[PDB]
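In order, the protein sequence lines correspond to chains A and B. For reference, each letter of the first sequence is one residue, going 1 to 216 in our numbering. For reference, each letter of the second sequence is one residue, going 217 to 432 in our numbering. Structure first, then comments.
Number of protein chains: 2
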Amino acid sequence: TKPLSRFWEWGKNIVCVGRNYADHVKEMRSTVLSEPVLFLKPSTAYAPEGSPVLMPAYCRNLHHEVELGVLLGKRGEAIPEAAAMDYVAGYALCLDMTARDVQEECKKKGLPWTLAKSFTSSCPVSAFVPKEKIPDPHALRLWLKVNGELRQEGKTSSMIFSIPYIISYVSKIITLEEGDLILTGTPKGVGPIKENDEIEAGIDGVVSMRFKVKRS
Amino acid sequence: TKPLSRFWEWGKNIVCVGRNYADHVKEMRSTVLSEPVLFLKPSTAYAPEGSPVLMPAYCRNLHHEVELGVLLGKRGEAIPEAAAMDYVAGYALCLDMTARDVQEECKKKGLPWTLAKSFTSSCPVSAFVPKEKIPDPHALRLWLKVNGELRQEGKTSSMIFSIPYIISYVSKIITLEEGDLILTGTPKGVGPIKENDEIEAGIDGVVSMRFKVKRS
Ligand SMILES: O=C([O-])C(=O)[O-]
Ligand SMILES: O=C([O-])C(=O)[O-]
Ligand SMILES: [Cl-]
Ligand SMILES: [Cl-]
Ligand SMILES: [Cl-]
Ligand SMILES: [Cl-]
Ligand SMILES: [Cl-]
Ligand SMILES: [K+]
Ligand SMILES: [Mg+2]
Ligand SMILES: [Mg+2]
Numbered sequence: 001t002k003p004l005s006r007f008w009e010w011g012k013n014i015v016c017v018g019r020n021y022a023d024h025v026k027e028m029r030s031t032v033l034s035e036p037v038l039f040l041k042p043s044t045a046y047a048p049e050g051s052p053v054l055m056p057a058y059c060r061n062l063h064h065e066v067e068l069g070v071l072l073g074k075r076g077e078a079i080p081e082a083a084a085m086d087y088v089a090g091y092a093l094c095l096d097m098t099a100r101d102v103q104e105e106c107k108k109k110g111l112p113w114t115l116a117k118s119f120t121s122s123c124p125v126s127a128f129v130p131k132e133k134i135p136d137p138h139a140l141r142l143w144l145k146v147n148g149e150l151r152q153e154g155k156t157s158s159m160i161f162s163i164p165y166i167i168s169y170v171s172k173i174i175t176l177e178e179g180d181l182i183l184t185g186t187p188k189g190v191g192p193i194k195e196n197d198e199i200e201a202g203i204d205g206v207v208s209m210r211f212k213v214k215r216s
Numbered sequence: 217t218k219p220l221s222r223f224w225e226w227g228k229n230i231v232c233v234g235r236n237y238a239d240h241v242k243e244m245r246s247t248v249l250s251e252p253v254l255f256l257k258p259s260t261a262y263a264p265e266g267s268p269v270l271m272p273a274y275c276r277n278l279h280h281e282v283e284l285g286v287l288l289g290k291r292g293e294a295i296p297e298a299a300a301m302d303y304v305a306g307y308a309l310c311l312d313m314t315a316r317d318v319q320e321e322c323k324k325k326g327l328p329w330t331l332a333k334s335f336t337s338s339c340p341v342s343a344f345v346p347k348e349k350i351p352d353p354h355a356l357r358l359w360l361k362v363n364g365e366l367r368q369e370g371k372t373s374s375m376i377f378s379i380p381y382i383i384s385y386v387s388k389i390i391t392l393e394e395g396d397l398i399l400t401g402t403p404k405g406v407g408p409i410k411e412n413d414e415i416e417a418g419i420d421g422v423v424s425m426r427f428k429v430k431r432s
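Following this line, the structure appears as structure tokens:
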């Protein structure tokens, strides 16, 4: 069938939320809004552990963004905030790999984030974490090291918009299918990553992952 | 499992190109770029003939965009412009349904086009057109009527970027899977549609389709 433990093989859709961590929003001097920013990645942005991250040709200034992923278990149209967790299969730790220089211009000219945010292997992804293994996803620590050295840490309690709110808020704009994934935003400390850097990230007491960076 | 005739059931990805018709680019007074603008729709934006188009709650000013769809037949990474058509399974006539008021602000504030361009049923789609049935896709007429009355017509010869160029240019930035679909842009004459409008569109001598407009 279509096994959750390898969702990235058959999962159709990826939705990402922007500006879900105050510290990160300051870090960019982009302002927080009444509702969360959404953008998409294609299914071919999945880089499962064992695949490297690939800098695009056009990418001058690649950035790491460690984010918590929410995988969905059921078709979800206008899911009520109070039902959201019924629809969640589990989680995965993700990287919202970003061409920052691209994104800067995409924002200046008022254009789609696709090149900045949506390229092949732009969503490195942990092993699948079933839901029973996380009692409370707002009580987690995310960390990311480059070459053994910590650059990003944050608590999921710091999330401006809750997960259940997001599942609800997204499912009102875009129906969500079995296997669709939502990235829930990144904390303070996003920064550059160059060719043959070695990235480690994890959720304390749940999962860790390693990704090497390559080129074209 | 994977019948091309129902690609919208199992197709994972949708890529759309912006500003591929000079007449439409003028119509907006947005400027042409060296490379085509890309944004995505999720798999749940597919509205196959028989399903209506649905105005979102937030949508104050919905617009029709008739576009030619190119469906892909095999996995496509950095497809050479000279090979592109080897990788094409067939076509579909599509609507790039757009929340224009949203898109206006998305552009002002430099934000993702997702709400403007990526919502549920934002990609109404014809029956599958096999490749045998189209000898030359740059020699086609696209038309769209609202309530019997013609609003959009154009020739696929008017395309700024060729289809083979696009298949190649996209597959350099985002790997494409069997069943992934590319919308190739809209000509002059995009405009509003309101609740319980009746849309007809077609490719002369190839296919037509009917879609009703509903709300929430
Ligand atoms: O903008 C983003 O991608 C974020 O905040 O995670
Ligand atoms: O701007 C668009 O969406 C286009 O040109 O099709
Ligand atoms: Cl960049
Ligand atoms: Cl976008
Ligand atoms: Cl290391
Ligand atoms: Cl609108
Ligand atoms: Cl033509
Ligand atoms: K997709
Ligand atoms: Mg992010
Ligand atoms: Mg369009």
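The beta carbon of each residue, even a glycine, is placed where N, CA and C say it ideally should be.
Close Cβ partners of residue 202 of chain A (< 6 angstroms) along its chain, the five nearest in sequence each way excluded
Indexing the first sequence from 1 puts residue 202 of chain A at position 202. Taken in chain order, the residues that qualify are 143 and 208.
Any heavy atom of ligand 1 closer than 7 angstroms to the beta-carbon of residue 364 of chain B?
For the purposes of this step, residue 364 of chain B is taken as the residue at position 148 of the second sequence. For ligand 1, no non-hydrogen atom lies closer than 7 angstroms to the CB of residue 364 of chain B.
Name the DSSP bridge partner or partners of residue 220 of chain A?
Examination of residue 220 of chain A is not possible in this model, given that chain A is present from 1 through 216 alone.
Residue 57 of chain A: CB within 7 angstroms of a non-hydrogen atom of ligand 6
Taking the first sequence and counting its residues from 1, one reaches residue 57 of chain A at position 57. Flag unset: Cβ of residue 57 of chain A not near ligand 6.
Work out the CA separation of residue 340 of chain B and residue 411 of chain B for me, nearest whole Å.
By one-based count along the second sequence, residue 411 of chain B stands at place 195. By one-based count along the second sequence, residue 340 of chain B stands at place 124. Distance between the alpha carbons of residue 411 of chain B and residue 340 of chain B is about 16 angstroms.
Measuring CA to CA, which of A:76, A:120, A:156 and A:119 is closest to residue 135 of chain A?
Indexing the first sequence from 1 puts residue 135 of chain A at position 135. The shortest Cα separation from residue 135 of chain A among A:76, A:120, A:156 and A:119 belongs to A:156.
Mind listing which residues have their beta carbon within less than 6 angstroms of any non-hydrogen atom of ligand 10? Chain order is fine.
B:232, B:234, B:281, B:283, B:312, B:401 and B:402
Rounded to a whole number of angstroms, what is the C-alpha to C-alpha distance between residue 222 of chain B and residue 405 of chain B?
Here residue 222 of chain B is taken as the residue at index 6 of the second sequence, counted from 1. Here residue 405 of chain B is taken as the residue at index 189 of the second sequence, counted from 1. Distance between the alpha carbons of residue 222 of chain B and residue 405 of chain B: 30 angstroms.
So what does DSSP say about residue 293 of chain B, is it helix, strand or coil?
Position 77 of the second sequence, counting from 1, holds the residue named residue 293 of chain B. Assignment of residue 293 of chain B by DSSP, reduced to helix, strand and coil, places it in the coil class.
Starting from the N-terminal side, write out each stretch of the beta strand (DSSP E) that is 3 residues or longer and does not extend beyond the segment 289 to 348 of chain B.
Entirely contained in the segment 289 to 348 of chain B, the beta strand (DSSP E) runs reaching 3 residues are, in chain order, 304 to 311 and 339 to 341.
Going by DSSP, which residues form a beta bridge with residue 229 of chain B?
For this step, residue 229 of chain B is matched to residue 13 along the second sequence. DSSP, once it has assigned bridges, lists B:258 as partnering residue 229 of chain B.
Helix, strand or coil at residue 249 of chain B [DSSP, three-state]:
Looking up residue 249 of chain B in the second sequence gives position 33. Of the three classes helix, strand and coil, the one that applies to residue 249 of chain B here is coil, per DSSP.
So residue 382 of chain B and residue 400 of chain B are supposed to be a Cβ contact under 8 angstroms. How far apart are they, rounded?
Counted from its first residue, the second sequence places residue 382 of chain B at position 166. Counted from its first residue, the second sequence places residue 400 of chain B at position 184. So it is a contact: roughly 6 angstroms between Cβ atoms.
Where residue 13 of chain A meets chain B, residues with beta-carbon distance less than 8 angstroms
Taking the first residue of the first sequence as 1, we reach residue 13 of chain A at position 13. Within 8 angstroms Cβ-Cβ: 228, 258, 259 and 260.
Report yes or no: is there a C-beta of chain A within less than 8 angstroms of the C-beta of residue 327 of chain B?
Your numbering for residue 327 of chain B matches position 111 in the second sequence. Yes - at least one Cβ of chain A is within 8 angstroms of the one on residue 327 of chain B.
Compare the C-beta of residue 389 of chain B with all C-beta atoms of chain A and state if any pair is closer than 8 angstroms.
One-based indexing of the second sequence puts residue 389 of chain B at position 173. Closer than 8 angstroms: yes.
By the 10 Å Cβ neighbour count, where 16 or more other Cβ atoms means buried, how is residue 420 of chain B classified, buried or exposed?
For the purposes of this step, residue 420 of chain B is taken as residue 204 along the second sequence, with counting starting at 1. The residue in question, residue 420 of chain B, is exposed, as its Cβ has fewer than 16 Cβ neighbours within 10 Å.
Own chain, CB closer than 6 angstroms to residue 268 of chain B, minus 5 neighbours either side, in chain order:
Within the second sequence, the letter at position 52 stands for residue 268 of chain B. Closer than 6 angstroms at Cβ, skipping near neighbours: 428 and 430.
Residue 26 of chain A in three-state terms, based on DSSP:
Position 26 of the first sequence, counted from the start, is the residue given in the question as residue 26 of chain A. Under the three-state reduction of DSSP, residue 26 of chain A is assigned to helix.
Is the CB of residue 323 of chain B under 8 angstroms away from at least one CB in chain A?
Locating residue 323 of chain B in the second sequence gives position 107, where the first residue counts as 1. With 8 angstroms as the cut-off, residue 323 of chain B counts as an interface residue toward chain A.
Minimum C-alpha distance to residue 229 of chain B - residue among A:42, A:181, A:58 and A:180
Here residue 229 of chain B refers to the residue found at position 13 of the second sequence. The option with the nearest alpha carbon to residue 229 of chain B is A:42.
Output yes or no for whether 8 angstroms exceeds the beta carbon distance between residue 61 of chain A and residue 164 of chain A.
To locate residue 61 of chain A, count along the first sequence from 1; it is residue 61. To locate residue 164 of chain A, count along the first sequence from 1; it is residue 164. Result no, Cβ atoms of residue 61 of chain A and residue 164 of chain A do not sit closer than 8 angstroms.
Selected residue, minimal CA-CA separation from residue 217 of chain A, among A:74, A:21 and A:39:
It is not possible to answer for residue 217 of chain A, since the shown part of chain A is limited to 1 through 216.
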